[PDB]
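Visitor:
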Amino acid sequence: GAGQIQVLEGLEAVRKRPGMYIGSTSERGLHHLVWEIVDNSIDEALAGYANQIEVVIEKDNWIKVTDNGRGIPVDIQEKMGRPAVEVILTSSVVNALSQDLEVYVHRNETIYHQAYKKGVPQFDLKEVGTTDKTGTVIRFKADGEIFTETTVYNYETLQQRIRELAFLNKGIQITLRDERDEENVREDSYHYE
Ligand SMILES: CCCc1c(O)ccc2c(-c3cnc(-c4cnc(C(=O)O)c(O)c4)s3)[nH]nc12
Ligand SMILES: [Cl-]
Ligand SMILES: [Mg+2]
Ligand SMILES: [Mg+2]
Ligand SMILES: [Mg+2]
Ligand SMILES: [Mg+2]
């Protein structure tokens, strides 16, 4: 009960003063969404559990982030009575500030899925398939109501920072791919020693 009320209030808080959370609602804050997700994958590699991160700019400026870590856990929490992944994603700034967000978890030889709008789950987490891999996929579309200047990402901005992050975090393979124009797909992949 109380825990879920505090999630809703957290969502209202983020969406009311987004600049207080991501710095700005300009092009800078739009790209900050990517960094918030990529940092969580980087943590999972530094913990010893992932070594590959993929960032795709999809049609209509969805972003897809994929890592080969353990998979965000799906076990039910004592505190929230909800799957752990739902708790982690409902308190995410990126989810609060996205019109839509999807997660796919590969864990327990199972694929789990949940979708959200403005941070609100659209349906309970569900098993959708099977897998012999572990990791996590997050796809989101920035909310144009928040990001009033632009919701268009800059490949070069993303490329520069991805290359910095792979240089800093040696051993992680970080790939950027732009699929916005299906006729000309660009990829850069970074992997330092
Ligand atoms: C593309 C997604 C980016 C991305 C996020 O935004 C957010 C969380 C993410 C994580 C994980 C978080 N917690 C994890 C874990 C897994 N297993 C155990 C265990 O004990 O087995 C455990 O304690 C913890 S994985 N990975 N990636 C994430
Ligand atoms: Cl689990
Ligand atoms: Mg963070
Ligand atoms: Mg962390
Ligand atoms: Mg983080
Ligand atoms: Mg490596």
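Per the authors' numbering: the sequence shown = residues 15 to 104, 128 to 230.
Even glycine gets a Cβ: it sits at the ideal position worked out from N, Cα and C.
Between residue 95 and residue 58, which are expected to be in contact by the criterion C-beta below 8 Å, what is the C-beta distance as a whole number of angstroms?
Guide: Walking along the sequence shown from the start, residue 95 turns up at place 81. Walking along the sequence shown from the start, residue 58 turns up at place 44. The Cβ separation is near 25 Å, so there is no contact.
Visitor: Return the bridge partner residues of residue 45 from the DSSP annotation.
Guide: Residue numbering aside, residue 45 sits at position 31 when the sequence shown is read from its first letter. None, per the DSSP bridge assignment.
Visitor: Ligand 2 heavy atoms versus the CB of residue 4: any closer than 7 Å?
Guide: The chain is shown only over 15 to 230; residue 4 falls outside these bounds and no answer can be derived.
Visitor: Compute the Euclidean distance between the alpha carbons of residue 76 and residue 24, then round it to the nearest angstrom.
Guide: Reading the sequence shown from its first residue, position 62 is the one you call residue 76. Reading the sequence shown from its first residue, position 10 is the one you call residue 24. Those two C-alpha atoms are separated by around 24 Å.
Visitor: If we count the other Cβ atoms within 10 Å of its Cβ and call it buried at 16 or more, is residue 179 buried or exposed?
Guide: For the purposes of this step, residue 179 is taken as residue 142 along the sequence shown, with counting starting at 1. Label assigned to residue 179: buried.
Visitor: For ligand 6, is there any heavy atom lying closer than 7 Å to the beta carbon of residue 209?
Guide: Here residue 209 refers to the residue found at position 172 when the sequence shown is read from its first residue. Yes - ligand 6 has a heavy atom lying nearer than 7 Å to the Cβ of residue 209.
Visitor: For residue 89, which of 208, 161, 42 and 136 has the nearest alpha-carbon?
Guide: What you label residue 89 is simply residue 75 of the sequence shown in a count that begins at 1. Answer by Cα proximity: 161.
Visitor: Leaving aside the five residues before and after residue 168 along the sequence, list all residues of the same chain whose C-beta is less than 7 Å from its C-beta, in chain order.
Guide: Walking along the sequence shown from the start, residue 168 turns up at place 131. Excluding residues within five positions, the ones whose Cβ falls inside 7 Å are 143, 146, 147 and 148.
Visitor: Say whether the segment 39-55 touches the segment 150-165, bearing in mind that this needs 3 or more beta-carbon pairs closer than 8 Å, one atom from each stretch.
Guide: As far as the Cβ criterion goes, the segment 39-55 does not touch the segment 150-165, which means the pair count is below three.
Visitor: Check whether the Cβ of residue 161 lies closer than 7 Å to any heavy atom of ligand 2, and answer yes or no.
Guide: The residue labelled residue 161 in the question sits at position 124 within the sequence shown. No, the Cβ of residue 161 stays beyond 7 Å of every heavy atom of ligand 2.
Visitor: Rounded to whole angstroms, what is the Cα-Cα separation between residue 91 and residue 97?
Guide: Counting from one through the sequence shown, the residue named residue 91 turns up at place 77. Counting from one through the sequence shown, the residue named residue 97 turns up at place 83. For residue 91 and residue 97, the distance between alpha carbons rounds to 6 Å.
Visitor: Does the beta-carbon distance from residue 79 to residue 140 come in below 8 Å?
Guide: Reading the sequence shown from its first residue, position 65 is the one you call residue 79. Reading the sequence shown from its first residue, position 103 is the one you call residue 140. Not in contact: residue 79 and residue 140 (Cβ atoms no closer than 8 Å).
Visitor: Residues in its own chain within less than 6 Å of residue 138 by CB, not counting five upstream and five downstream?
Guide: In the sequence shown, counting from the first residue as 1, residue 138 sits at position 101. These residues qualify, in order along the chain: 132, 153 and 177.
Visitor: Please state whether DSSP places residue 188 in a helix, a strand or coil.
Guide: Residue 188 sits at position 151 when you count from the first residue of the sequence shown. Correct three-state label for residue 188: coil.
Visitor: When every heavy atom of ligand 2 is checked, does at least one fall within less than 7 Å of the C-beta of residue 81?
Guide: Counting from one through the sequence shown, the residue named residue 81 turns up at place 67. Not under cutoff, so the answer is no.
Visitor: At the level of alpha carbons, what is the spacing between residue 86 and residue 172?
Guide: By one-based count along the sequence shown, residue 86 stands at place 72. By one-based count along the sequence shown, residue 172 stands at place 135. One C-alpha to the other measures close to 7 Å.
Visitor: Which residues have a Cβ closer than 5 Å to any heavy atom of ligand 5, listed in chain order?
Guide: Here the residues come out as 53 and 54.
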